[PDB]
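Colleague: Chains as they are written, first to last, in the authors' numbering: chain D, 1 to 52, 52A, 53 to 72, 72A to 72H, 73 to 82, 82A to 82C, 83 to 100, 100A to 100F, 101 to 110; chain B, 518 to 548, 568 to 663; chain B', 518 to 548, 568 to 663; chain B'', 518 to 548, 568 to 663; chain E, 2 to 9, 11 to 27, 27A to 27C, 28 to 95, 95A, 96 to 106, 106A, 107. A prime marks a further copy of an entry chain. Please see the structure below; I have some questions.
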Ligand SMILES: *[C@@H]1O[C@H](CO)[C@@H](O[C@@H]2O[C@H](CO)[C@@H](O[C@@H]3O[C@H](CO[C@H]4O[C@H](CO)[C@@H](O)[C@H](O[C@H]5O[C@H](CO)[C@@H](O)[C@H](O)[C@@H]5O)[C@@H]4O)[C@@H](O)[C@H](O[C@H]4O[C@H](CO)[C@@H](O)[C@H](O)[C@@H]4O)[C@@H]3O)[C@H](O)[C@H]2NC(C)=O)[C@H](O)[C@H]1NC(C)=O
Ligand SMILES: *[C@@H]1O[C@H](CO)[C@@H](O)[C@H](O)[C@H]1NC(C)=O
Ligand SMILES: *[C@@H]1O[C@H](CO)[C@@H](O)[C@H](O)[C@H]1NC(C)=O
Ligand SMILES: *[C@@H]1O[C@H](CO)[C@@H](O)[C@H](O)[C@H]1NC(C)=O
Ligand SMILES: *[C@@H]1O[C@H](CO)[C@@H](O)[C@H](O)[C@H]1NC(C)=O
Ligand SMILES: *[C@@H]1O[C@H](CO)[C@@H](O)[C@H](O)[C@H]1NC(C)=O
Ligand SMILES: *[C@@H]1O[C@H](CO)[C@@H](O)[C@H](O)[C@H]1NC(C)=O
């Protein structure tokens, strides 16, 4: 029930790497995963991976395992049930095939069968 | 796992609800000098607060229960949240805040629903 | 209607018997200075008298009940009054006076009728 | 026969087990001067020790029971004695000594066996 | 990708639509959960239905789900004018990821 603001549209060229931010608020950051999903021109949407700010655990698709740098900071507590977090994302071998809009998404629940499901999303970032 | 007294304070309402006896044990035992009267005042306070919770369980037909099911249907005015977004999302701490206002109302509904239930059982056995 | 604490004191035994939780709530909460020791003595007295009534309900198999049905058949020596001339004629105040003598006898009958009932249930589940 | 308070102390575990209410009655009533504070300290001590036994019965699903049957199977490590050589041979005094060590273990088993039993009953009524 | 949807379907105000979502035995359906997402063009998505038929918070009771041994269906009862967008499905388990679908554009022109 909070915002997940992201970075700006940083357009580079193939070969380089790009780091996109995702600063959270209005909710306990360490209680939900942070999913990363992209919708490029050439395919539809593709799920990249999520990371658990609490456990530090990371699970990402084999199509992006050897490309994605997925790290998180540690929440700065605001109130008892509110904090402010930050999630980072990078890509290694960047090309023009990877041009699209990228988002971060907060997990759906804290338990059950839909724990990590991308429920609360950011706004998007335009790549190369 | 054994988390300890209030160990599941930050866990979800479903997780903590399996560790009820943990918090139930230490509610009565624990986890004319100055200290003499200071301790006696605390020993009486612990009993009074304990019997008040037991008194409410008794007049709700829940005496002896840790998880007790009732007859009062959940008014969505109290909280219009889904079942899966409560027991697997919220912590009992958050829940007690969101139901702060309506708590006194539920406590009355659970009372007459028990005096009418046993009044009905007195008629079911009048034959 | 909501008559209040002891509101049905002058009403019939049947009417008052539907307003039991009213009197059950305020039995434990209410409706070294001089006052300090005077209040502590009262806070302990309230608990002792409460647990004595709860102790009797426990050894009668009535713990948690407001209306409790038993196995002791009503001896007409205690009161040879008809059912309709009691619950729709008398007040609990009058009734407590007419059964003043026989009250201690009934309290014993309700006790062994419970220790034999559970001794029987221990045999019913011995198979 | 009526043996009295602790009358069956030297009798067999089976005989004494029929005289439970005898010992259950006198556990709470009985069979700033010097005496004033000496008596108040005793009146509070009697309630605390009583509610502790009641607290254990409550979290074992035995609240209100004198003879209570459970789900914990008897580990022969605790005592490898035959049934007929216990209830018709031993006295509760001897028995409490032989089970001195294992008593704290049984008290925990009787607790989770109740929180899992009601957690199961909450699912049996979820339909 | 392997999760083939319903290409494209049209509709009309007041009526109900139905989007398919099926794939091989490797990503559908009896051994996986199905989530549905309302995805405006390159913007902020919206979770509609998770775990086959369970709706997210704030989702109108119009949307309903159903999963068979071969295909999952998303119905949109009583079409309202603000429904024209692309709908994507995802196959997932508890410890996995979202295997998104090919998309289904829905038109309400009426
Ligand atoms: C404190 O707060 C945090 C944050 O809210 C809580 O962390 C969350 O706990 C819940 C439940 O404990 C987690 O949900 C479960 O998620 C697992 C998915 O994990 C699986 O997949 C991972 C990626 O592949 C993998 O890392 C896991 O492997 C183990 O090892 C890692 C090592 O890093 C360890 O950290 C993990 O915890 C794993 O133990 C694992 O393979 C999912 O499988 C669960 O679903 C099953 O169980 C539920 C019932 O609970 C059932 O309904 C399902 O059908 C399925 O059977 C479950 O969803 C959640 O992921 C955690 N993280 C979040 C929310 O960010 C923490 O529990 C709190 N602790 C206390 C004490 O309050
Ligand atoms: C919910 O509560 C309100 C008052 O708080 C009451 O008027 C209404 O009838 C209740 N609804 C249900 C379904 O109990
Ligand atoms: C309870 O009442 C107060 C009145 O000041 C209100 O501010 C608060 O929001 C109410 N609680 C809930 C859960 O709405
Ligand atoms: C009634 O009580 C008397 C003694 O008070 C007793 O002798 C008699 O058997 C009792 N009768 C019944 C029917 O219980
Ligand atoms: C109880 O005993 C007394 C003895 O003085 C007697 O006067 C009284 O009538 C008895 N009670 C009843 C209800 O008969
Ligand atoms: C008996 O107790 C021991 C430990 O005291 C335990 O290891 C064993 O499993 C128990 N056996 C049974 C049958 O409960
Ligand atoms: C309990 O432990 C003590 C350890 O000193 C031992 O001597 C005693 O025999 C044990 N009790 C039983 C019944 O074996």
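Cβ atoms here follow ideal geometry from the backbone N, Cα and C, with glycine treated the same way.
Under a Cβ-count criterion, where at least 16 other Cβ atoms within 10 Å of its own Cβ denotes burial, should residue 94/D be classed as buried or exposed?
Modeller: Here residue 94/D refers to the residue found at position 106 of the first chain. Buried, by the Cβ-count rule.
Colleague: Check the Cβ of residue 640/B against every Cβ in chain B' and list those closer than 8 Å, keeping chain order.
Modeller: Position 104 of the second chain, counting from 1, holds the residue named residue 640/B. The contacting residues do not exist; residue 640/B stays about 13 Å from chain B' at best.
Colleague: Among 526/B, 650/B, 522/B and 525/B, which has the Cα closest to the Cα of residue 603/B'?
Modeller: Counting from 1 along the third chain, the entry for residue 603/B' is found at position 67. For residue 603/B', the nearest C-alpha among the options comes from 650/B.
Colleague: With DSSP as the reference, please indicate the residues paired to residue 58/D in a beta bridge.
Modeller: Position 59 of the first chain, counted from the start, is the residue given in the question as residue 58/D. Beta-bridge pairing links residue 58/D to 50/D.
Colleague: Go ahead and pull the three-state DSSP assignment for residue 658/B.
Modeller: Residue 658/B sits at position 122 when you count from the first residue of the second chain. Looking at residue 658/B - three-state DSSP - the assignment turns out to be helix.
Colleague: Using the DSSP secondary-structure output, state which residues sit across from residue 93/D in a beta bridge.
Modeller: If you number the first chain from 1, residue 93/D lands on position 105. DSSP output for residue 93/D lists 35/D and 103/D as bridge partner(s).
Colleague: With a threshold of 16 other CB atoms inside 10 Å of the CB of residue 572/B, please say whether the residue is buried or exposed.
Modeller: The residue given as residue 572/B occupies position 36 in the second chain. Its Cβ having fewer than 16 others within 10 Å, residue 572/B is exposed.
Colleague: So, are the CB atoms of residue 21/E and residue 7/E less than 7 Å apart?
Modeller: Sequence index remark: in the fifth chain, residue 21/E carries index 19 (1-based). Sequence index remark: in the fifth chain, residue 7/E carries index 6 (1-based). Yes. Within cutoff.
Colleague: If we define contact as Cβ-Cβ less than 7 Å, is residue 580/B'' a contact residue for chain B?
Modeller: The count along the fourth chain starts at 1 and reaches residue 580/B'' at position 44. Taking Cβ atoms only, chain B reaches closer than 7 Å to residue 580/B'', which makes this a yes.
Colleague: Quick one: what's got a C-beta closer than 8 Å to residue 524/B's C-beta in the same chain, skipping five residues either side?
Modeller: Against the second chain, residue 524/B aligns to sequence position 7. Answer for residue 524/B: 536 and 539, listed in chain order.
Colleague: How long is the line joining the alpha carbons of residue 95A/E and residue 98/D, rounded to whole angstroms?
Modeller: As a first step, residue 95A/E is located in the fifth chain; it is residue number 97 there, counting from the start. As a first step, residue 98/D is located in the first chain; it is residue number 110 there, counting from the start. Their Cα atoms are separated by approximately 16 Å.
Colleague: If you run the structure through DSSP and keep just helix, strand and coil, what is residue 649/B?
Modeller: As a first step, residue 649/B is located in the second chain; it is residue number 113 there, counting from the start. If DSSP states are grouped into helix, strand and coil, residue 649/B belongs with the helices.
Colleague: Does the beta carbon of residue 648/B'' fall short of 6 Å from some heavy atom of ligand 5?
Modeller: Here the question's residue 648/B'' lines up with position 112 in the fourth chain. Result no, Cβ not under 6 Å from ligand 5.
Colleague: Taking buried to mean at least 16 other C-beta atoms within 10 Å of its own C-beta, is residue 45/D buried or exposed?
Modeller: Locating residue 45/D in the first chain gives position 45, counting from the first residue. Per the 10 Å Cβ criterion, buried.
Colleague: Just verifying my parser: in three-state terms, what is the DSSP assignment at residue 601/B?
Modeller: On the second chain, residue 601/B is found 65 positions in, with the first residue counted as 1. Three-state result, residue 601/B: coil.
Colleague: Below 8 Å on the Cβ atoms is my contact criterion, and I expect residue 592/B'' with residue 638/B'' to pass it. Report the Cβ-Cβ distance as a whole number of Å.
Modeller: To locate residue 592/B'', count along the fourth chain from 1; it is residue 56. To locate residue 638/B'', count along the fourth chain from 1; it is residue 102. Not a contact, Cβ separation roughly 16 Å.
Colleague: For the alpha helix (DSSP H) containing residue 530/B', name the first residue and the last one.
Modeller: Indexing the third chain from 1 puts residue 530/B' at position 13. Where residue 530/B' is concerned, the enclosing alpha helix (DSSP H) stretches over 530-533.
Colleague: Run the proximity test for residue 616/B': is its beta-carbon closer than 6 Å to any non-hydrogen atom belonging to ligand 5?
Modeller: Translated into the one-based positions of the third chain, residue 616/B' becomes position 80. It does not: the Cβ of residue 616/B' is nowhere closer than 6 Å to a heavy atom of ligand 5.
Colleague: Is any non-hydrogen atom of ligand 2 found closer than 6 Å to the C-beta of residue 664/B, if you look at the structure I gave you?
Modeller: A query on residue 664/B cannot be resolved here, the shown segment of chain B reaching from 518 to 663 and no further.
Colleague: Which stretch, first to last residue, makes up the alpha helix (DSSP H) that contains residue 633/B''?
Modeller: Position 97 of the fourth chain, counted from the first residue, corresponds to residue 633/B''. Looking at the DSSP string, the run of the alpha helix (DSSP H) that includes residue 633/B'' is 628-634.
Colleague: Does any CB atom of chain B fall closer than 7 Å to the CB of residue 654/B''?
Modeller: The residue given as residue 654/B'' occupies position 118 in the fourth chain. Yes, contact with chain B.
Colleague: Under three-state DSSP, which class holds residue 30/D?
Modeller: In the first chain, counting from the first residue as 1, residue 30/D sits at position 30. Helix, per DSSP.
Colleague: Using only the alpha-carbon positions, how far apart do residue 582/B'' and residue 101/D sit?
Modeller: Walking along the fourth chain from the start, residue 582/B'' turns up at place 46. Walking along the first chain from the start, residue 101/D turns up at place 119. Residue 582/B'' and residue 101/D: Cα-Cα distance of roughly 57 Å.
Colleague: In whole angstroms, give me the CA-to-CA distance for residue 34/D and residue 56/E.
Modeller: Position 34 of the first chain, counted from the first residue, corresponds to residue 34/D. Position 57 of the fifth chain, counted from the first residue, corresponds to residue 56/E. Computed Cα separation, rounded: 19 Å.
Colleague: Give a yes or no on whether the minimum CB-CB distance between residue 107/E and chain D is below 7 Å.
Modeller: Here residue 107/E refers to the residue found at position 110 of the fifth chain. Not one chain D Cβ lies under 7 Å of residue 107/E.
Colleague: To which residues of the same chain is residue 72H/D closer than 7 Å at the C-beta, ignoring the five residues directly before and after it?
Modeller: What you label residue 72H/D is simply residue 81 of the first chain in a count that begins at 1. Cβ neighbours of residue 72H/D beyond the five flanking positions: 28.
Colleague: Under 8 Å by Cβ, that's how I've got residue 568/B' and residue 568/B pegged, so tell me the actual separation to the nearest angstrom.
Modeller: As a working note, residue 568/B' is residue 32 in the third chain. As a working note, residue 568/B is residue 32 in the second chain. At roughly 6 Å, the Cβ-Cβ gap stays under 8 Å, so residue 568/B' and residue 568/B are in contact.
Colleague: If we ignore side chains and look at the alpha-carbon of each, how far apart do residue 22/D and residue 4/D end up?
Modeller: Locating residue 22/D in the first chain gives position 22, where the first residue counts as 1. Locating residue 4/D in the first chain gives position 4, where the first residue counts as 1. Near 6 Å, if we compare the C-alpha coordinates of residue 4/D and residue 22/D.
Colleague: Determine the chain D residues that contact residue 590/B at a beta-carbon separation under 9 Å, and present them in chain order.
Modeller: In the second chain, residue 590/B corresponds to position 54, counting from 1. Residues of chain D passing the Cβ test: none, with the nearest at roughly 29 Å.
Colleague: Which of helix, strand or coil does DSSP assign to residue 544/B''?
Modeller: To locate residue 544/B'', count along the fourth chain from 1; it is residue 27. Residue 544/B'' falls in the coil class under three-state DSSP.
Colleague: Three or more C-beta pairs closer than 8 Å, one from the segment 74-86 of chain E and one from the segment 56-66 of chain E: is that the case here?
Modeller: Contact between the segment 74-86 of chain E and the segment 56-66 of chain E is present, because at least three Cβ pairs lie under 8 Å.
Colleague: Where does residue 87/E fall in DSSP's three states?
Modeller: Numbered from its first residue, the fifth chain carries residue 87/E at position 88. Strand, per DSSP.
Colleague: On a Cα-Cα basis, can you pick out the residue from 590/B'', 605/B'', 596/B'' and 521/B'' that is closest to residue 662/B'?
Modeller: Counting from one through the third chain, the residue named residue 662/B' turns up at place 126. For the residues 590/B'', 605/B'', 596/B'' and 521/B'', the minimum Cα distance to residue 662/B' belongs to 605/B''.
Colleague: May I ask you to check if the CB of residue 611/B is nearer than 6 Å to at least one heavy atom of ligand 3?
Modeller: Here residue 611/B is taken as the residue at index 75 of the second chain, counted from 1. Result no, Cβ not under 6 Å from ligand 3.
Colleague: Going by alpha carbons, who is nearest to residue 104/E out of 52/E, 15/E, 94/E and 2/E?
Modeller: Locating residue 104/E in the fifth chain gives position 106, where the first residue counts as 1. If we check each option's Cα against that of residue 104/E, 15/E comes out closest.
Colleague: Using only alpha-carbon positions, find the residue among 624/B, 528/B, 646/B and 579/B that is nearest to residue 546/B.
Modeller: Your numbering for residue 546/B matches position 29 in the second chain. Nearest C-alpha to residue 546/B: 579/B.
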